[PDB]
Amino acid sequence: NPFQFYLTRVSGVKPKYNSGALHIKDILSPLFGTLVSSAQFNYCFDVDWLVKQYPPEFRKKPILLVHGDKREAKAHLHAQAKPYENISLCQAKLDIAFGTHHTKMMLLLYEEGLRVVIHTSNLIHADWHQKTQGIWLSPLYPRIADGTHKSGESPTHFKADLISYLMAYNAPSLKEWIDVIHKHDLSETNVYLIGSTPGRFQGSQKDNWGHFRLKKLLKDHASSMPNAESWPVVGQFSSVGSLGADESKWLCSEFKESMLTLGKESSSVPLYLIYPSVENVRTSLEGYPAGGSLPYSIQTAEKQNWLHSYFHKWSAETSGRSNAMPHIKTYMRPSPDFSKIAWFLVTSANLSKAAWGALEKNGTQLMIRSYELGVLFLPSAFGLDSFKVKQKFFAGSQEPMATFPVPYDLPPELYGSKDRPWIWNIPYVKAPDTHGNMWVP
Ligand SMILES: O=C(O)c1c[nH]c2c(-c3ccccc3NCCS(=O)(=O)F)cccc2c1=O
């Protein structure tokens with residue numbers, strides 16, 4: 001298949017729902033390449049666990065951990081890595097308040113080439129155990145021959161764009177990886193990179209990052225169809241930021257306006273937001289503890305009750321994952337009957353201004369607080385006008401090259417009147433979870 005979009009393995013589903021899924025041990029296996037060194041970009045790390053996920057023969061190859069921790073949290077991570085002499089750390093600068101290093105990416109340097117993995121899981125056991133998580137696997141990129149001068153660039157500009165993303169860190173350990181990427185041929189890449197990095201972007205940089213980056217790609221590389229106003233927008237996420245007192249402050253002004261862009265010409269577009277209900281969490285494989293990774297606070301939620309009328313339940317019968325709570329984040333543009341999509345994005349970015357950017361300075365500046373990363377699937381990059389939705393995520397469609405594996409059910413189902421969004425810091429003591437327990441923060 002051309003998309004190379006995978007879900008993580010889920011412990012407890014029937015084998016048919018894990019055949020074609022990937023565990024971290026599979027990604028790092030020698031079958032994927034003979035590891036020379038690796039970089040692990042992430043938010044949360046269990047270093048003892050992480051090293052055990054590498055094949056025994058590769059466990060002493062250099063590993064770089066790229067994180068955003070400061071002060072005591074940084075000291076704790078260094079203490080975790082101190083027993084492993086082969087592990088180096090890079091502290092990503094976070095010079096804007098309330099920003100985080102959320103990007104989840106593996107750079108895997110092999111004797112045979114280079115692989116890039118952009119995904120949604122933290123490097124801890126629970127994120128790969130019973131959650132719905134997403135993975136994009138790059139091709140094996142060959143090394144450009146010494147003395148040969150070629151760009152190694154793809155029609156999606158992925159090589160330059162990935163280098164640009166890494167350059168924003170201004171970090172010596174990542175300049176080393178930039179030099180590795182320069183030496184490899186990434187021309188087969190058929191996805192577009194969408195990153196966020198912290199800063200305040202104007203002018204020639206406004207379109208580099210966040211939702212303006214998405215808007216620019218959709219303007220340049222998608223086409224607007226008749227009745228485009230009837231094609232919904234779907235956003236699916238595991239956390240929600242403070243979006244403002246009403247939908248006009250950010251969600252339906254600048255964020256939705258970027259997401260509904262198609263083509264270069266100049267709204268009643270339906271907006272579906274998918275986020276687990278309390279009942280989704282209670283009846284999940286993990287039970288209420290799944291809500292530890294759905295960090296929507298009551299303090300934030302009570303300021304924006306208008307938002308919850310957009311919320312739809314998590315349902316994933318198509319991938320056998322209705323009870324595997326989502327930590328994947330995805331955004332896409334389905335047709336009015338949900339049979340086709342105009343594009344699909346898998347990313348680390350939750351539904352927040354910190355992740356996607358917020359306009360400042362009278363609309364002239366995009367301010368982003370965090371590091372985020374995702375990849376965008378556009379039909380034009382595959383020689384197509386749209387993607388047909390795969391009916392069963394792991395099934396065998398009539399042509400894999402035209403048929404995109406959407407990991408949850410369409411159409412999304414609106415919350416019922418008794419449903420509530422999962423809010424992690426209030427108690428749930430009316431009905432026990434799948435392990436027999438209540439939730440008492
Ligand atoms: O990147 C990701 O996917 C994630 C990012 N944040 C969280 C949080 C969280 C949110 C606000 C402030 C601190 C948090 N947690 C401290 C962890 S740490 O300092 O040890 F790294 C809580 C539950 C899950 C996630 C998560 O899954």
# chains A, B, ... in the order shown; residues from 1 in each chain; ligands from 1
>>> residues_near_ligand(ligand="ligand 1", cutoff="8 Å", atoms="only C-alpha atoms and all ligand atoms", output="NGL selection string")
:A and (42-45 or 69 or 73 or 100-104 or 120-122 or 238 or 292-295 or 327 or 348)
>>> closest_residue(among="A:429, A:262, A:389, A:251", to="residue 356 (chain A)", atoms="only C-alpha atoms")
A:251
>>> closest_atom_pairs(of="region 249-321 of chain A", to="region 5-15 of chain A", cutoff="12 Å", atoms="only C-alpha atoms", output="tab-separated table")
residue	atom	partner	partner_atom	distance
A:284	CA	A:12	CA	11.2
A:285	CA	A:12	CA	7.9
A:286	CA	A:11	CA	10.4
A:316	CA	A:7	CA	11.9
A:317	CA	A:13	CA	11.3
A:319	CA	A:7	CA	9.0
A:320	CA	A:13	CA	6.9
A:321	CA	A:13	CA	7.8
>>> residues_around(residues="residue 418 (chain A)", least_positions_apart="3", cutoff="12 Å", atoms="only C-alpha atoms", output="JSON, numbers by chain")
{"A": [277, 278, 279, 414, 415, 421]}
>>> write_last_selection(atoms="N, CA, C and O atoms", output="tab-separated table (two decimals), in the first residue's frame")
chain	number	residue	atom	x	y	z
A	277	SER	N	-16.22	10.31	25.37
A	277	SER	CA	-17.14	10.57	26.47
A	277	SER	C	-16.68	9.84	27.73
A	277	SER	O	-15.82	8.96	27.70
A	278	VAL	N	-17.30	10.21	28.86
A	278	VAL	CA	-17.05	9.48	30.11
A	278	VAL	C	-17.37	8.01	29.93
A	278	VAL	O	-16.62	7.13	30.38
A	279	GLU	N	-18.47	7.70	29.25
A	279	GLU	CA	-18.84	6.31	29.04
A	279	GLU	C	-17.83	5.58	28.16
A	279	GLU	O	-17.53	4.41	28.40
A	414	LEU	N	-22.97	11.77	17.36
A	414	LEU	CA	-23.08	12.84	18.35
A	414	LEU	C	-23.24	12.26	19.75
A	414	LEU	O	-23.88	11.22	19.94
A	415	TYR	N	-22.64	12.92	20.74
A	415	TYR	CA	-22.96	12.59	22.13
A	415	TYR	C	-24.47	12.55	22.34
A	415	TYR	O	-25.21	13.37	21.79
A	421	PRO	N	-18.24	14.99	28.13
A	421	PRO	CA	-16.85	14.79	27.72
A	421	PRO	C	-16.03	14.30	28.91
A	421	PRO	O	-16.28	14.67	30.06
>>> select_by_dssp(residues="region 165-327 of chain A", states="strand (DSSP E or B)", output="ChimeraX atom specification")
/A:184,192-196,199-201,233-236,240,271-274,277,311-312,326
>>> write_last_selection(atoms="N, CA and C atoms", output="PDB file, in the first residue's frame")
ATOM      1  N   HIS A 184      21.080  11.711   2.400  1.00  0.00           N
ATOM      2  CA  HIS A 184      20.173  10.651   1.984  1.00  0.00           C
ATOM      3  C   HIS A 184      19.184  11.149   0.935  1.00  0.00           C
ATOM      4  N   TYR A 192       3.239  15.346   2.931  1.00  0.00           N
ATOM      5  CA  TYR A 192       3.699  16.688   3.285  1.00  0.00           C
ATOM      6  C   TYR A 192       3.895  16.793   4.789  1.00  0.00           C
ATOM      7  N   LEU A 193       4.989  17.428   5.191  1.00  0.00           N
ATOM      8  CA  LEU A 193       5.256  17.650   6.607  1.00  0.00           C
ATOM      9  C   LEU A 193       4.477  18.863   7.107  1.00  0.00           C
ATOM     10  N   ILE A 194       3.806  18.715   8.248  1.00  0.00           N
ATOM     11  CA  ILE A 194       3.166  19.843   8.919  1.00  0.00           C
ATOM     12  C   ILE A 194       3.694  19.906  10.343  1.00  0.00           C
ATOM     13  N   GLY A 195       4.547  20.895  10.611  1.00  0.00           N
ATOM     14  CA  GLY A 195       5.095  21.067  11.939  1.00  0.00           C
ATOM     15  C   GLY A 195       4.635  22.331  12.623  1.00  0.00           C
ATOM     16  N   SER A 196       4.721  22.336  13.945  1.00  0.00           N
ATOM     17  CA  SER A 196       4.652  23.545  14.740  1.00  0.00           C
ATOM     18  C   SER A 196       5.969  23.664  15.488  1.00  0.00           C
ATOM     19  N   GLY A 199       7.199  30.182  18.464  1.00  0.00           N
ATOM     20  CA  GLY A 199       7.653  31.485  18.027  1.00  0.00           C
ATOM     21  C   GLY A 199       6.505  32.381  17.602  1.00  0.00           C
ATOM     22  N   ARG A 200       6.884  33.523  17.028  1.00  0.00           N
ATOM     23  CA  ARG A 200       5.933  34.519  16.544  1.00  0.00           C
ATOM     24  C   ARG A 200       6.286  34.821  15.094  1.00  0.00           C
ATOM     25  N   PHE A 201       5.472  34.323  14.170  1.00  0.00           N
ATOM     26  CA  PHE A 201       5.815  34.268  12.753  1.00  0.00           C
ATOM     27  C   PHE A 201       5.017  35.285  11.950  1.00  0.00           C
ATOM     28  N   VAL A 233     -15.663  19.090   8.020  1.00  0.00           N
ATOM     29  CA  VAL A 233     -14.343  18.982   8.634  1.00  0.00           C
ATOM     30  C   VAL A 233     -14.481  18.090   9.860  1.00  0.00           C
ATOM     31  N   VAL A 234     -13.541  17.159  10.029  1.00  0.00           N
ATOM     32  CA  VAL A 234     -13.490  16.282  11.199  1.00  0.00           C
ATOM     33  C   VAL A 234     -12.175  16.508  11.926  1.00  0.00           C
ATOM     34  N   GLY A 235     -12.254  16.786  13.224  1.00  0.00           N
ATOM     35  CA  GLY A 235     -11.077  16.838  14.082  1.00  0.00           C
ATOM     36  C   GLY A 235     -11.240  15.823  15.198  1.00  0.00           C
ATOM     37  N   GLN A 236     -10.160  15.113  15.501  1.00  0.00           N
ATOM     38  CA  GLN A 236     -10.192  13.982  16.432  1.00  0.00           C
ATOM     39  C   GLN A 236      -8.924  14.053  17.277  1.00  0.00           C
ATOM     40  N   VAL A 240      -7.955  19.050  24.876  1.00  0.00           N
ATOM     41  CA  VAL A 240      -8.589  20.281  24.421  1.00  0.00           C
ATOM     42  C   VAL A 240      -7.999  21.441  25.209  1.00  0.00           C
ATOM     43  N   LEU A 271     -18.828  20.912  11.253  1.00  0.00           N
ATOM     44  CA  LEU A 271     -17.600  20.606  11.979  1.00  0.00           C
ATOM     45  C   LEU A 271     -17.891  19.522  13.011  1.00  0.00           C
ATOM     46  N   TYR A 272     -17.229  18.377  12.866  1.00  0.00           N
ATOM     47  CA  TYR A 272     -17.353  17.247  13.786  1.00  0.00           C
ATOM     48  C   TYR A 272     -16.085  17.165  14.616  1.00  0.00           C
ATOM     49  N   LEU A 273     -16.222  17.195  15.939  1.00  0.00           N
ATOM     50  CA  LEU A 273     -15.094  16.999  16.836  1.00  0.00           C
ATOM     51  C   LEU A 273     -15.297  15.676  17.559  1.00  0.00           C
ATOM     52  N   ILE A 274     -14.288  14.812  17.528  1.00  0.00           N
ATOM     53  CA  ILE A 274     -14.380  13.468  18.116  1.00  0.00           C
ATOM     54  C   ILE A 274     -13.503  13.436  19.355  1.00  0.00           C
ATOM     55  N   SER A 277     -16.217  10.307  25.371  1.00  0.00           N
ATOM     56  CA  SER A 277     -17.137  10.568  26.467  1.00  0.00           C
ATOM     57  C   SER A 277     -16.682   9.841  27.735  1.00  0.00           C
ATOM     58  N   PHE A 311     -19.208  17.780  20.085  1.00  0.00           N
ATOM     59  CA  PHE A 311     -18.473  16.565  20.418  1.00  0.00           C
ATOM     60  C   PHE A 311     -19.231  15.311  19.994  1.00  0.00           C
ATOM     61  N   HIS A 312     -18.474  14.369  19.430  1.00  0.00           N
ATOM     62  CA  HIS A 312     -18.954  13.082  18.960  1.00  0.00           C
ATOM     63  C   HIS A 312     -18.163  11.983  19.655  1.00  0.00           C
ATOM     64  N   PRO A 326      -8.421   6.686  22.261  1.00  0.00           N
ATOM     65  CA  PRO A 326      -7.528   7.329  21.292  1.00  0.00           C
ATOM     66  C   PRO A 326      -6.493   8.222  21.961  1.00  0.00           C
TER      67      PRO A 326
END
>>> select_by_dssp(residues="region 323-436 of chain A", states="alpha helix (DSSP H)", output="PyMOL selection string")
chain A and resi 353-356
>>> atom_distance(atom1="CA of residue 198 (chain A)", atom2="CA of residue 160 (chain A)")
18.9 Å
>>> atom_distance(atom1="CA of residue 315 (chain A)", atom2="CA of residue 337 (chain A)")
17.4 Å
>>> atom_distance(atom1="CA of residue 127 (chain A)", atom2="CA of residue 189 (chain A)")
27.1 Å
>>> closest_residue(among="A:432, A:210, A:33, A:291", to="residue 275 (chain A)", atoms="only C-alpha atoms")
A:291
>>> residues_around(residues="region 138-147 of chain A", least_positions_apart="5", cutoff="6 Å", atoms="only C-alpha atoms", output="mmCIF file with N, CA, C and O atoms, in the first residue's frame")
data_model
loop_
_atom_site.group_PDB
_atom_site.id
_atom_site.type_symbol
_atom_site.label_atom_id
_atom_site.label_comp_id
_atom_site.auth_asym_id
_atom_site.auth_seq_id
_atom_site.Cartn_x
_atom_site.Cartn_y
_atom_site.Cartn_z
ATOM 1 N N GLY A 113 20.589 2.724 5.056
ATOM 2 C CA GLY A 113 19.886 3.944 4.694
ATOM 3 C C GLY A 113 19.348 4.630 5.937
ATOM 4 O O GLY A 113 19.912 4.494 7.019
ATOM 5 N N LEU A 114 18.244 5.355 5.750
ATOM 6 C CA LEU A 114 17.650 6.177 6.796
ATOM 7 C C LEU A 114 16.142 5.998 6.762
ATOM 8 O O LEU A 114 15.553 5.902 5.687
ATOM 9 N N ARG A 115 15.522 5.946 7.935
ATOM 10 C CA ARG A 115 14.066 5.910 8.021
ATOM 11 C C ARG A 115 13.603 6.989 8.987
ATOM 12 O O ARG A 115 14.258 7.249 10.003
ATOM 13 N N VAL A 116 12.466 7.606 8.666
ATOM 14 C CA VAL A 116 11.802 8.589 9.514
ATOM 15 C C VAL A 116 10.461 8.009 9.932
ATOM 16 O O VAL A 116 9.725 7.496 9.089
ATOM 17 N N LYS A 183 22.623 13.774 3.430
ATOM 18 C CA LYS A 183 23.317 12.715 2.713
ATOM 19 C C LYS A 183 22.395 11.616 2.196
ATOM 20 O O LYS A 183 22.899 10.677 1.571
ATOM 21 N N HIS A 184 21.080 11.711 2.400
ATOM 22 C CA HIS A 184 20.173 10.651 1.984
ATOM 23 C C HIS A 184 19.184 11.149 0.935
ATOM 24 O O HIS A 184 18.916 12.352 0.808
ATOM 25 N N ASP A 185 18.668 10.201 0.161
ATOM 26 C CA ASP A 185 17.724 10.477 -0.925
ATOM 27 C C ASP A 185 16.308 10.241 -0.407
ATOM 28 O O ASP A 185 15.909 9.092 -0.214
ATOM 29 N N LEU A 186 15.539 11.322 -0.226
ATOM 30 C CA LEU A 186 14.177 11.243 0.305
ATOM 31 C C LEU A 186 13.132 11.461 -0.782
ATOM 32 O O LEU A 186 11.963 11.768 -0.479
#
>>> residues_around(residues="residue 287 (chain A)", least_positions_apart="3", cutoff="7 Å", atoms="only C-alpha atoms", output="VMD selection string")
chain A and resid 281 to 284 290 433 to 435
>>> residues_around(residues="residue 204 (chain A)", least_positions_apart="3", cutoff="12 Å", atoms="only C-alpha atoms", output="list in words")
residues 200, 201, 207, 208, 209, 212, 213, 364, 365 and 366 of chain A
>>> write_last_selection(atoms="C-alpha atoms", output="PDB file, in the first residue's frame")
ATOM      1  CA  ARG A 200       5.933  34.519  16.544  1.00  0.00           C
ATOM      2  CA  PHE A 201       5.815  34.268  12.753  1.00  0.00           C
ATOM      3  CA  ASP A 207       2.941  29.975   6.312  1.00  0.00           C
ATOM      4  CA  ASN A 208       5.737  27.784   7.678  1.00  0.00           C
ATOM      5  CA  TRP A 209       3.968  26.315  10.704  1.00  0.00           C
ATOM      6  CA  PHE A 212      -1.296  28.442   8.354  1.00  0.00           C
ATOM      7  CA  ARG A 213       1.027  25.725   7.056  1.00  0.00           C
ATOM      8  CA  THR A 364      -0.200  39.744  10.995  1.00  0.00           C
ATOM      9  CA  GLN A 365       1.539  37.290  13.340  1.00  0.00           C
ATOM     10  CA  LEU A 366       0.982  33.608  14.112  1.00  0.00           C
TER      11      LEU A 366
END
>>> closest_residue(among="A:99, A:374, A:336, A:226", to="residue 158 (chain A)", atoms="only C-alpha atoms")
A:374
>>> closest_residue(among="A:306, A:17, A:177, A:136", to="residue 64 (chain A)", atoms="only C-alpha atoms")
A:177
>>> closest_residue(among="A:381, A:27, A:123, A:108", to="residue 188 (chain A)", atoms="only C-alpha atoms")
A:381
>>> residues_around(residues="region 402-406 of chain A", least_positions_apart="5", cutoff="6 Å", atoms="only C-alpha atoms", output="CSV table (one decimal) with C-alpha atoms, in the first residue's frame")
chain,number,residue,atom,x,y,z
A,387,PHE,CA,-9.4,9.1,-1.6
A,388,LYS,CA,-12.0,6.5,-1.2
A,389,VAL,CA,-12.5,5.5,2.4
A,390,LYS,CA,-11.5,2.0,3.3
A,393,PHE,CA,-9.4,-0.7,8.2
>>> closest_residue(among="A:107, A:426, A:66, A:378", to="residue 441 (chain A)", atoms="only C-alpha atoms")
A:426
